[PDB]
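Down below is the structure, laid out as structure tokens.
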2 protein chains.
Amino acid sequence: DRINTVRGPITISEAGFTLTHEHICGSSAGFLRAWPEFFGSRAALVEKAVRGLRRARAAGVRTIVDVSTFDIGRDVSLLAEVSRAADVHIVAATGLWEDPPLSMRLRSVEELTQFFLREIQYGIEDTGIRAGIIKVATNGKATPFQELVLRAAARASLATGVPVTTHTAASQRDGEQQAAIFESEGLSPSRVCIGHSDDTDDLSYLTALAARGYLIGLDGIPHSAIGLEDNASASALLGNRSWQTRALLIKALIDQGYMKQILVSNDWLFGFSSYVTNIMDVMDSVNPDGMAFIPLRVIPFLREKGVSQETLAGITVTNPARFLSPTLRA
Amino acid sequence: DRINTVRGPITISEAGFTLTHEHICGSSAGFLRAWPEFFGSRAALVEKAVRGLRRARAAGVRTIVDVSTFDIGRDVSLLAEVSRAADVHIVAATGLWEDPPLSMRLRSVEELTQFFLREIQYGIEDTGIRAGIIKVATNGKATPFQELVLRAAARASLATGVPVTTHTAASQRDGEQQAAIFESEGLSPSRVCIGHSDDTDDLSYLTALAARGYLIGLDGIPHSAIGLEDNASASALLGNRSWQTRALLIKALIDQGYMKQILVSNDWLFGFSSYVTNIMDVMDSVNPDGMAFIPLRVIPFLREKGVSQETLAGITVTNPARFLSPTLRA
Ligand SMILES: *[C@H]1CC[C@@](C)(CC)CC1
Ligand SMILES: *[C@H]1CC[C@@](C)(CC)CC1
Ligand SMILES: [Zn+2]
Ligand SMILES: [Zn+2]
Ligand SMILES: [Zn+2]
Ligand SMILES: [Zn+2]
């Protein structure tokens, strides 16, 4: 019962209020090292992230789970530096997202399992920092390689107790296939969060997952392009459903009896090179609260709509602790 | 008139016998750092590369051009270590090959030009090592992003005098479109090598490029799967034309008056993670000479077929020096 962070193991009690799907920087493997000026400078990115995490900490956040994989350009040295300076725990991820390079896409399920286990059990690169979560992705029907990634993630989870969290095209109901593959490997749904699930309003899809034991990641609450006029790229990324609409899915699942299975987050970033240039500026204009958006805006909104403080504390503290603490069956 | 290597500038005289298309390791950005055990260990890869380069040096090679880009997982610290230990100059590359990540594929022609110029004029990552060549790629008709890469490579070459070298699907005559795009930006064909050109027997394609001034990269001479029975992956990568057939294209271009435009190489590697597992073992069984294959087997073969020593010295020493030495018009 300890959770690996970029600064070492922490007890479940130390995690506190936890955002379960966030990014310091959404990039690509090697990109921050090769082209730091894309972000102004590495120091500028560090400074921005520390300011943002300090603001989140002032609003009550104690831990974020950075679900950046290898192919999101996860730099655990950057995460450790930012975590130290902001006094916010950061859980790092292994796994693979939607942009694996050839050297990953040509691998077998066994090889991929070895790589994920390396990052969980030994360390990331030469840093000794161990991942506390496994991140995977589909965008519609899984590609053949994505099927291997899902299976390898299940195998790594079954060996270590570390949970799996997923990226979906929620409107395509990807979670159903993801669940099918995970269960074919014997993985407990208690160890899996189906993420980007606030991208859909289909309650039959969401409750079908929750009914069989999955955690539901409502992780992009502030993502919306409403009020951005004539920005095609921002609308394609963020959608045109309001943050209130996304947040009300939290209340819906509470009202259906799934309060213990909800995980809430911002899916925010402090740099973002894997999309159009200046998307970060657009996103910061939409949501200047950044990662503090959940505690500063969503929690009071749900309280106004009748959700209790106790229930929201369970969702933001108890559920992330139960999810992250390593086990085969949570 | 100095050429950048991973150990600093060298004079044109110091380059000597030069292989113009080689790789220490064919991988993906960040992969060697994240999963060195894929290659046994980093130290094992270093040892293998040093042994191979020492064998090449004993056969007469003095310089190789490592045309690994960012997305081939070029590790210039690895190149410098291997170059020091083997006493063989290594020229590093910028540019982009066929596996760019999202953080590259979303960039503009201007942004890409900035990145290529960074690696030529300032340094690669934080190493201060500067690229001496720009590598680009198409596989058939250029994708929209590949058109931007080709244009940015031309712009970087026009600003610095550093040459461009290309990957083609030679049987699809990619060099014709590559030339068209390069020339639309004003780039001199004297600054461009159209590579993998030994993958085709079409002399009308090859002479059409050479006639307008391009250098012709006959750079995969030992690549052949003849005599490998029932290895689909090796045959798809290496082809079923013999090394003698590839080598005779050198003689053909000499006989057509293009001796000053021929560049010859092995396109060898000491590690190879961007293809099927154990491809390196298959390749080493096909060609145990590795990068020494050109001087030990191809040069004597061409001499037996009537090519003079003087002409082969011009192709292996003079042409690479004229190609690499920075200039707008060579
Ligand atoms: C938390 C306490 C339970 C209610 C009131 C009903 C599920 C929701 C808020
Ligand atoms: C090098 C000298 C010229 C010949 C004999 C004819 C082009 C080829 C070998
Ligand atoms: Zn995602
Ligand atoms: Zn995310
Ligand atoms: Zn190539
Ligand atoms: Zn090559």
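Shown for chain B, in order and in Swiss-Prot numbering: 35-364.
When the header is checked for method, it gives X-ray crystallography, 1.8 Å.
Backbone N, Cα and C define each Cβ position, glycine as well.
Here Swiss-Prot flags B:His55, B:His57, B:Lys169, B:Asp301 as Zn(2+) 1 binding site. What Swiss-Prot records for B:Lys169, B:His201, B:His230 is Zn(2+) 2 binding site, and it gives experimental evidence as the kind of evidence. Per Swiss-Prot, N6-carboxylysine is recorded for B:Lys169.
Of all the Cβ atoms in the protein chains shown, 23 others lie within 10 Å of the Cβ of B:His230 (Zn(2+) 2 binding site). What surrounds the Zn(2+) 1 site, by Cβ distance within 8 Å of the Cβ centroid and not counting B:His55, B:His57, B:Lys169, B:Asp301, is the set B:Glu56, B:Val99, B:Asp100, B:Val101, B:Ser102, B:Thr199, B:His201, B:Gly229, B:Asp253, B:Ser299 from the same chain.
Counting in whole angstrom, B:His55 (Zn(2+) 1 binding site) lies 9 from B:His230 (Zn(2+) 2 binding site) by their C-alpha atoms.
Here B:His230 (Zn(2+) 2 binding site) is compared against the binding-site residues B:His57, B:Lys169, B:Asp301, and the shortest C-alpha distance is to B:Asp301.
Highlighted here are the binding-site residues (B:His57, B:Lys169, B:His201) whose C-beta falls below 6 Å from ligand 5: B:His201, in sequence order. Each of the binding-site residues B:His55, B:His57, B:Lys169, B:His201 was scored by the number of other CB atoms within 10 Å of its CB, and the largest score is that of B:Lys169. B:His201 (Zn(2+) 2 binding site) and B:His57 (Zn(2+) 1 binding site) have their C-alpha atoms 13 Å apart, to the nearest angstrom. Counting Cβ atoms from all protein chains shown, B:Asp301 (Zn(2+) 1 binding site) has 23 others lying within 10 Å of its own Cβ. B:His201 (Zn(2+) 2 binding site) carries a strand DSSP state (E or B). Taken in sequence order, the binding-site residues B:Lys169, B:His230, B:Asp301 that lie near ligand 6, meaning a CB under 6 Å from one of its atoms, are B:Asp301.
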